[PDB]
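Just dropping this structure here.
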Amino acid sequence: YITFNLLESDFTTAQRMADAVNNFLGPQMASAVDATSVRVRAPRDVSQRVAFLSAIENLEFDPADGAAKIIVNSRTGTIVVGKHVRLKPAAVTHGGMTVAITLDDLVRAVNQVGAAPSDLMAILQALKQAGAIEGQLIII
Amino acid sequence: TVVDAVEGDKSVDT
Amino acid sequence: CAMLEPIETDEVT
Amino acid sequence: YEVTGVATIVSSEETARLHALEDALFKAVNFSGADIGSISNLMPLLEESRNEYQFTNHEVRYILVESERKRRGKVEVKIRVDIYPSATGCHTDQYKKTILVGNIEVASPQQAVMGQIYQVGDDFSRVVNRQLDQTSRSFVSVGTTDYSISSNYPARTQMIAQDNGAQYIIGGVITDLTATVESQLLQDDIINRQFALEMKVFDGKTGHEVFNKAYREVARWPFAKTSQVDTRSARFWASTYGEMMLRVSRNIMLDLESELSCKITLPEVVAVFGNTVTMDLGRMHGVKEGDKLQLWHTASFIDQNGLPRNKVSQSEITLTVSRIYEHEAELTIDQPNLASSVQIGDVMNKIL
Amino acid sequence: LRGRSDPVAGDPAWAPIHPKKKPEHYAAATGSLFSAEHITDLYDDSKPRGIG
Amino acid sequence: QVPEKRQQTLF
Amino acid sequence: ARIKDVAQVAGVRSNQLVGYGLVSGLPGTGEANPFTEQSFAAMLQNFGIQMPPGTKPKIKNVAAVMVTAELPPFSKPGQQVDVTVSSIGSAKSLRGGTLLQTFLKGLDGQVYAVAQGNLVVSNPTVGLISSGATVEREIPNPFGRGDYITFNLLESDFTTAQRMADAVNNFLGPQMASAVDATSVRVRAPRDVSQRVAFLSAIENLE
Amino acid sequence: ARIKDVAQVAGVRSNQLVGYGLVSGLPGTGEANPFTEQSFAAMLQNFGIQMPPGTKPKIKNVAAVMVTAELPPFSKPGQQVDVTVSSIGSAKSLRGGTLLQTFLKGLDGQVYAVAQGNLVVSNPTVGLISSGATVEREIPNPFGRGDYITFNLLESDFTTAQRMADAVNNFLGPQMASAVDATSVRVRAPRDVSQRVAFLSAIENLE
Amino acid sequence: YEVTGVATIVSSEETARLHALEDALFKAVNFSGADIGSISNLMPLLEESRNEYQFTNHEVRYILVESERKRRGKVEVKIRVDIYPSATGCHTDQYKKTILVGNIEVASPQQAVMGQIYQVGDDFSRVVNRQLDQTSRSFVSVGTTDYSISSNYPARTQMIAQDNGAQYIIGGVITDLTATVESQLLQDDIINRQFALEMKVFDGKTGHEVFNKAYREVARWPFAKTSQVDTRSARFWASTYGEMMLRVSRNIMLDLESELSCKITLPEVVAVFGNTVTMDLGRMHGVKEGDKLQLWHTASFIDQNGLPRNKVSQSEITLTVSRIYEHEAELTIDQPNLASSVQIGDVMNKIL
Amino acid sequence: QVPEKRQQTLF
Amino acid sequence: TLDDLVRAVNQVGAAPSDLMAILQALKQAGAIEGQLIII
Amino acid sequence: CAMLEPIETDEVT
Amino acid sequence: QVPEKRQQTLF
């Protein structure tokens, strides 16, 4: 067999790639052994395996969206909010103005006061402590 | 016996 | 009768 | 029967002869298959040094000692006894009781300085654990624990018993390890060391204290005053002090048999899977297939003053054993409509 | 004729005790390389704390 | 006459 | 007010973990304190670099800090918790730093988490990490023991304790909850742990 | 909210790797610290150049750094992970540097990755490499063991634990998932590893 | 039969004669083809030094010792015995059990200072592994492991057993290596060293502890006090201490035969390929083609208190062996419609 | 009379 | 692809080299279907 | 009969 | 009677 290692590990992406190979070739051909690896049965001849791998590596499938995450670069200030991230409603008072609840509302609350665009990184941490974030807050 | 091998026997005053 | 005298496993020694 | 009793003289020939007679009687009862629980009540009536003993309402009727010898400084006693092994009794139809050996501590570390026997409590709890495991008739040992069990915290006792799966927890305190010196001009000094102990058994179902006894014995300390003795070694346990401590452990086991053996064993419900429940007792505890058991609903409360209390609600539910494993068993509820009222922690007793 | 017994080099009563070997972690049980008996603190002074 | 060991008891 | 808003379950507690660590990658705003240099030298020895005795590292991008984390109840190995990083030497700023591997110890002296990550500071000497500590060990809980659960009021009051008892009794039935003092209310709960979680889910949402 | 968004699988964890290395190719913004020079001399000895004792390298384009990588679960040899490079000496900037070969050690002291590459810095003393570390070893996993899988809530709550249990039971069938505390939910899973991945794929997408 | 028993006297002529008699009996039973599991229950009734022994319900009826000699300081015993090899029994129709030898540790490194025998646990676990591999009748050894097995973590025990493919895991602790000195004015000092050991066997299918026993023996330490002894060398294992440790290993093997041999062997399902499944046992374990096996659905749970439990669901599935390899075997499901309910980890037992 | 080795047991 | 990200860079002053750090955040969030290689 | 006395492979020595 | 060497086996 040959094994494919996902660049972005995910159970759903591993299973969808297994289904993509099975649909193309036939049943019981590929199997996902974990969130990263997919094993495909391959010919014993090295020349046939190269020809076999050529057809398989060009198969199309839809990778899964993955877990919802918020990536914050603490040294650059950029905040990347991924898909499926949901912020629970809350009353956020920063500086002297109060706002009610993605980042668009929070950025306006930042712009209300002078403050700084990097003050948003500290508002998220308070929301994380209050349980108002449905996702993972990752600091890089 | 009552004497240990490692430590050994630890056991004109008139 | 006549009870045996076989020993058993030591409890600590 | 033909039995031999071996016991070393410490300070009185009477005590050594009595200990040898106790050893011979214990071996005779163990070989005869008679219960060892009844032995612990026979000893008080053995204080007299009469050549003939008469007893009523016991598995042994007459005791006749025929040979008494003091070879190699220790009394050897040879006796013939008649033992009647009763097939009935309150101890033969009960499942084995799982017992956890708790922490045994030295109250005064000052007394353990001579010989530096500071781990004597732990290495003696190990002996008690092995004695209960491989010598008792109605007990199974589930190991030892490092926690101390107190009567002030029934909840902790219940939690620890649940964690270890023990019906009873046994722990003690060693209260005397001091020694005295007997000096003679002809010979060397004789150091007689004390070993006092207070054992306490707690019921793991409710945290109550069900057993409490005190032991005190004296034996010669053959080692040098400045010599260090290892309590895990055979040098310690083959000495006179070690033989005395082994006899104390045997007496602990016999007292536990005398007191707790005829208490009705109450296996607990471990899991309920619809109409089938699981029992914490299995093949190794004496469970046989086809046994009929009666369910009791358990409700033990701490009262308003913090003291443990017990309360069982009787149930109309009867269970029969369907499959038996070595350590667990499966029971089928004979009343399916009442199966929804069985919760984890309910106890059962075998129907006789 | 001496009345004294000389010590011998290598007496077990004075020989050092080689430390007990710690058990293997078996990371496959938890999925982690953390083991309470095997972790090394980066900032500790490494005073003597065990046999050997 | 020897004392008899404890009889069967529930709870 | 929901019961979960104004009360906490007895035996379901948090634990506090504390540890010592070094923060690197500072733009020249580090320390020169003797303990910082000593810890830095020990850390370097842990990687195979051992300076001769009496050597001054002359480090300026490293600061010694104290790391604190709060372990939420039912914390399982592999989870991540926030850590607060505070400077204890004379560093001017911890902004832009990186917390190196630090072990977080409990009140019993055992390690329960390991903290790393990037500091987010606004006070420039105190920073926070959103998932700094990874839980490595479990703390046992008395939640599943006994025949009842207990609610501890955040604001102790006899009337609030009795009203919460009545709220449970009205919802479930008579003789179900009882107030034992101004703070605690005892509710009878199932013995099965799965049923107790399902039971507590319905009770903690009562108004 | 999907289950995968608000929960993590027990036993499927990340691991943290740390190592010491040197960053070269700096435009005269390096260090002169004793440990930097000692490490530089050892590295040069590894290539056949051994300076006489007491020789001062007078290096200005080399900085000593601490390299940290997080090893994702199910990481296989040959994969690449990000590394964070932070200066620990007195270098003014790591901009434009190149990380030399550094071995990343786990909590057990074994090497699991090797890190090289080009630093991307914005704080000029902390940089990142997008594929700096190449995984060289595997960490075993308990994912395929047992008769169930466990979900650990990111935000612990009794009601969230019970609602996730109901979501699985409604999708699959009765007596399939159970909440054991405020954080964990146990779901019965197939014994085959391939079927468990297919099973977990359908369950982790439940709303 | 004509057998010789060789055993060195340590402190009692009776013990050496008994050990020689045990050796001769073991050789006679091994040659006769009789099961070695039954020997371990015969020894207790051999404590007496009678010239004639009478036994009932055993493969040996009468034992008569004809020659007893003390040549070269060790007792040699020559006996004639009548052994009846039974063709039946609960141990002859079972497949071989794979056993993993776990880590054996020295509890107190202080006791191993004399001779610096610190790797005695590892080099003794190697001996136990080889004894189980090449001397037992119903065991196959799958090697040794460096991990420690405890009763507190059944999940780890199950995982390690799965990794090594072992049905049982055996591990112990060496609790006593201390020695005493016996001094005589006529001769040199005699150092008698102790070897105590506590062996524990865990079931790899559920993590339960199925076996627990303690061993203690004493033998002379012939080496100098300050001499270093290598435990991998023949100097250590050819000495009196080495012979004692080899006898202890043999007793371990005989106890394992006595306890675990008649447990029904339960091979596990390794892989399912449609209607054909794979078995972890093969030709080397006693599997023969045409064997009929019954499938059991395995479900072992840790209960609410963290204690391991067992639960098997009976199945209507029967399998027959189609192809046999040296270490594995292929089975065909006799009920194709029920083949979809077979999962990896289900156990099977041979239909008798 | 010698004790008999353990008989056949399942699980 | 970059066109939207370049406009986001041009919105603020920042710098055209600030885009190199936006990609790394996208790589960490799993928003890139490819390999981010730094030369 | 007459049991043989052939030796076997040593377990450790 | 001498033990016989292993017989023919496949795989």
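Order of writing sets the chain letters: A, B, C, D, E, F, G, H, I, J, K, L and M. Residues in each chain are counted from 1.
As a convention for this text, a contact is a pair of C-beta atoms (placed from the backbone, for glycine too) under 8 Å apart; a residue touches a chain by one contact, two chains touch by 3 or more.
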item	value
Common touching chains of subunit L and subunit F	none
Mutual neighbours - chains that touch subunit H and subunit L alike	I
Top chain pair, ranked by number of contacting C-beta pairs	G-H
Equivalent-chain rotation between subunit H and subunit G, CA atoms, steps of 5 degrees	15
Selected pair, out of G-I or H-I, that shares over half of its residue contact pairs with D-G	H-I
Whole-Å gap separating subunit B and subunit E, where each centre is the average of the chain's CA atoms	30
Averaged-CA centre spacing for the pair subunit K and subunit H, given as whole angstrom	22
Centroid spacing, where centroids are CA-atom means, of subunit F and subunit J in whole angstrom	33
Distance from subunit I to subunit G - Cα centre to Cα centre, in angstrom	49
Subunit F residues counted as touching two or more neighbouring chains	none
Multi-partner residues of subunit I (each touching 2 or more other chains)	44-45, 110, 113-114, 155, 159, 176, 178, 180, 194, 196, 214, 216, 225, 301, 304, 310, 312
Two or more partner chains touched - positions in subunit L	none
Which pairs of chains touch, using the document's own definition	A-G, A-H, A-K, B-D, B-E, B-I, C-D, C-I, D-F, D-G, D-I, D-J, E-G, E-H, E-I, G-H, G-I, H-I, H-K, I-J, I-L, I-M
Residues on subunit D engaged by subunit I in the complex (per definition of touch)	130, 133, 143, 162-163, 165, 230, 232-235, 270-271, 273, 278, 280, 323, 325-328, 330, 344
Touching residues on subunit I, where the partner in the complex is subunit D	107-108, 110-111, 151, 175-176, 178, 180, 194, 196, 208, 210, 212, 214, 216, 218, 301, 303-312
Touching residues on subunit G, where the partner in the complex is subunit A	82, 96, 117-120, 122, 128-131
Subunit D-facing residues of subunit G, complex	142, 145-147, 190-192
Touching residues on subunit H, where the partner in the complex is subunit E	11-13, 15, 73, 106-110, 139-143
